[PDB]
Amino acid sequence: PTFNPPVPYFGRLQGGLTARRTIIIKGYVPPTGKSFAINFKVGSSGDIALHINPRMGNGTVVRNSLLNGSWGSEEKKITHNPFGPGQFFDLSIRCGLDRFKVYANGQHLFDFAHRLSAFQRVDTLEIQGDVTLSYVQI
Ligand SMILES: CC(=O)N[C@H]1[C@H](O[C@H]2[C@@H](O)[C@@H](CO)O[C@@H](O[C@H]3[C@H](O)[C@@H](O)[C@H](O)O[C@@H]3CO)[C@@H]2O)O[C@H](CO)[C@@H](O[C@@H]2O[C@H](CO)[C@H](O)[C@H](O)[C@H]2O)[C@@H]1O
């Protein structure tokens, strides 16, 4: 469902991940949270075009890919951390031709260059771990 979906979340993106398709995720990080993940998955393989992994221990926003069975190299640079324990966040994820563009609370968070060139393979949005979702629009 769109409002208050429980975690873990499993959303079927109908007709694949489309260029210009925007995902909105509004949620809350618990005081006790250590980690949660948002994966843009291809179901057949289990490959992940984009794994976004906020980790509260170090306050990192980890981005990586799981392609051909292997983890790529991690991208971590941010200008802000919207995922502090006990915080609400509003994430807007846009799938561009060349990159994902992610904004948190209307402020740019990161861009992630496509590693899976064929982004249309992605038909699975997965959100899992220590996060409470108020709203997910796919
Ligand atoms: C053990 C574990 O946590 N496994 C998770 C897995 O996480 C890995 C992922 O976050 C990558 C991204 O780069 O980092 C891995 O940690 C690395 C450190 O970041 C790095 O500094 C160090 O040098 O090396 C570490 C090891 O590689 C981290 O382990 O993430 C995947 C994707 O979400 C998880 O798979 C999913 O698991 C859920 C249940 O939790 C479901 O079973 C799903 O089917 C599956 O996609 C995995 O559990």
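Side-chain atoms are counted along with the backbone in the values below, which use heavy atoms only and exclude waters and symmetry mates. For reference, positions follow the sequence shown, starting with 1. Just follow the structure's listing: the first ligand is 1, and inside any ligand the first atom is 1.
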- Task: Would you please test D47 and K41 for salt bridge (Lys or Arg N to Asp or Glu O under 4.0 Å) and show each step?
- Result: CA-CA 6 Å; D47 277 1; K41 267 199 182 169; over 6 Å; no
- For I23 and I38, what are the C-alpha separation, side-chain angles and deciding distance, and is it a side-chain contact (heavy atoms from CB on, under 4.5 Å)? CA-CA 11 Å; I23 292 80; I38 299 153; over 6 Å; no
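Under the 4.0 Å distance rule, the nearest protein heavy atom to atom 12 (C) of ligand 1 falls inside the cut-off. Remark: atom 24 (O) of ligand 1 lies closer than 4.0 Å to no protein heavy atom. Within 4.0 Å of atom 1 (C) of ligand 1, not a single protein heavy atom is present. Less than 4.0 angstrom separates atom 16 (O) of ligand 1 from at least one non-hydrogen atom of the protein. At least one protein heavy atom sits closer than 4.0 Å to atom 19 (O) of ligand 1. Checking atom 47 (C) of ligand 1 against the protein gives no heavy-atom contact under 4.0 Å. Atom 33 (O) of ligand 1 is approached by the protein to below 4.0 angstrom, counting heavy atoms only.
The environment of OH in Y9 is crowded: more than 12 heavy-atom neighbours from other residues, nucleotides or ligands sit within 6.0 Å.
With hydrogens and angles left out, the side-chain atoms of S70 and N68 include no donor and acceptor closer than 3.5 Å. For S134 and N4, the side-chain atoms include no donor-acceptor pair closer than 3.5 Å. Checking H51 against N39 by side-chain atom types alone, a donor-acceptor pair falls below 3.5 Å.
Annotation: atom 22 (C) of ligand 1 to nearest protein heavy atom, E74 OE2, 4.9 Å. Protein heavy atom nearest atom 6 (C) of ligand 1, with residue, atom name and distance: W71 CZ2, 4.4 Å. Nearest protein heavy-atom contact of atom 10 (O) of ligand 1 is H51 NE2, 2.9 Å.
By heavy-atom distance, the residue among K41, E126, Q128 lying nearest atom 44 (O) of ligand 1 is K41.
Residue contact annotation: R55 has a non-hydrogen atom under 4.0 Å from ligand 1.
Residue contact check: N64 has heavy atoms under 4.0 Å from atoms 12 (C), 13 (O) of ligand 1. Residue-ligand proximity, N53 to ligand 1, at heavy-atom distances under 4.0 Å covers atoms 10 (O). Every atom of ligand 1 is numbered from 1 in the order shown, and the set under 4.0 Å from a heavy atom of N39 is 32 (C), 33 (O).
Between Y103 and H108, the angle of the ring planes goes over 60°, which puts this pair in the perpendicular group of the 30/60° scheme. Aromatic ring pairs are classed by plane angle as parallel below 30°, tilted from 30° to 60° and perpendicular above 60°; the pair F100 and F40 is tilted.
Among residue pairs with one or both ends in residues 79-97, none qualify as side chain to side chain donor-acceptor pair (under 3.5 Å); sequence neighbours excluded.
At a 4.0 Å heavy-atom cut-off, ligand 1 does not touch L66 at all. For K76, no heavy-atom contact with ligand 1 is shorter than 4.0 Å.
From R21, atom CZ reaches atom CD1 of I138 across 6.0 Å, with rounding to the nearest 0.5 Å.
Under a 3.5 Å cut-off, the side chain of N64 and the backbone N or O of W71 do not form any donor-acceptor pair.
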